[PDB]
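Quick setup: one chain, the form deposited in one PDB entry, written in structure tokens, and binding and motion questions come after.
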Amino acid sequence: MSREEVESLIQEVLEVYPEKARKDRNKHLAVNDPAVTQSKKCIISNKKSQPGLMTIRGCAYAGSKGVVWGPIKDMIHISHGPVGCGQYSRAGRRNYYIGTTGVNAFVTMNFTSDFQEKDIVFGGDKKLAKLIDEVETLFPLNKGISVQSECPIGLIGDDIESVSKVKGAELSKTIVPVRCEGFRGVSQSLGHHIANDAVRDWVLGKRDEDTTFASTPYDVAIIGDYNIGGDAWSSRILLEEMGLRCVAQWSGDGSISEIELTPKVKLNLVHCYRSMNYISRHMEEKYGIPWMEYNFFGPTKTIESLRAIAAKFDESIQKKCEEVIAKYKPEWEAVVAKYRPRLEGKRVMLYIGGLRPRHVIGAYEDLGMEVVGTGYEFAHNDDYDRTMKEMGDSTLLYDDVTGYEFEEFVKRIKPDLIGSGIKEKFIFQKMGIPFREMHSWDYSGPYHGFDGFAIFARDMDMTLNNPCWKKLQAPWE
């Protein structure tokens, strides 16, 4: 605790900065007050990163191509521009899927136009058309093409919309142009917006006149789950056990037909508010489909979410929900009995980009673990509004944290465990603090649902209690 100490620590850490940088940085650091429900009066977010500060934040192309569009298996996603962008993002995110790669699924592949000097000087529209022809020749079972723009596309004045329209009608193939140039916005979050707008404008309404899909009163769509290590599959089974039918799954293990099917479904279950609220609101206004947020991190939150979801339907669904809860109670109770004694009392500091810094807090508390600091790369003020009530009093809050800032906070607070991105992990392992990679689950099987909680508890136990952390100090020194 010690709110005054945490505020004093924020001031001493800020002392290093030049005047301009420090004044902007102070607005992005805060001491939590759970009673406060308007985070704007407390913290500022979604602003440009100060230059030279080693910001964690990714570009808009990472938000669109890497996050939203890349997971769908059937569609071929062309990184339009120089070679670097798609190569660094090739299969770096574990959006799991079922398919035959290179034949009907293309998630782990890198398709790019690979611009050279002449493409920059003369333009790449003819190259893009020829590329689309070659794609149709060599990958006949693809069900659609998206064109994700990199920085030069926007800067050289290329018109990919006209190429998409012309080639689309000629081949009878859906071609989705996405203007996700990295220079746009300040973070991956603007790319989410652009990707959702492209989904709305080019894919979502293809079956508005079609009524050949048979709908049931129990039709739901999972929105905003990317199946990280099979996370959506762990969540879908529970929904299927409650009696509901999951028509679509955005966008992990997703297909273009599922996206088109989403207007038919009665209810939208949104997991990541940050990336998919845009299209969820659009569908509520256009189709009258209600949407609600849920949380499947840890037993308490998943039980609450299942009951709330079942409350939207009739009494048979509620009966099945109680049956599912009763069926899974002994397993997560055994997990708690095994692992809570090993983790009780430990303190965690979590830095991630959106939703998860607040989504995983309940699962940590289910194991008796205290979150004393949390922060976001690119969340908006509504995310902090949802975050302040879920964190304890006088805990540290931090938006777009600089590498120096995070290192000093960790030195002062001295957490038992840190959850953060890959760039952070090597630095904290050197300092002797156990590190868990929140973005990729450290290449581990899913953290969602009751099955996920077992893996979560085992993973947290093994890193925190590992014998090597007791060995960084040589005996002679």
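Heads up: residue numbers just count along the shown sequence, starting at 1. For clarity, a rigid core is taken as the largest C-alpha set superposing within 1.5 Å between two forms.
Unshown form deposited in another entry; subsequent notes refer to it.
Comparing the forms between this form and the one not shown, the C-alpha position of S444 differs by less than 2 angstroms, with the core used for superposition. For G58, the Cα coordinates differ by under 2 angstroms between this form and the one not shown after the core has been superposed. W69 is not among the residues whose C-alpha shifts by 2 Å or more between this form and the one not shown once the rigid core is aligned; its shift stays under 2 Å. Three angstroms is the minimum change: in the other entry, the CA atoms of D366 and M438 sit closer than in this structure, by 3 Å or more. Note on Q188 and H439: their C-alpha atoms are more widely spaced in the other entry, a change of at least 3 Å from this conformation.
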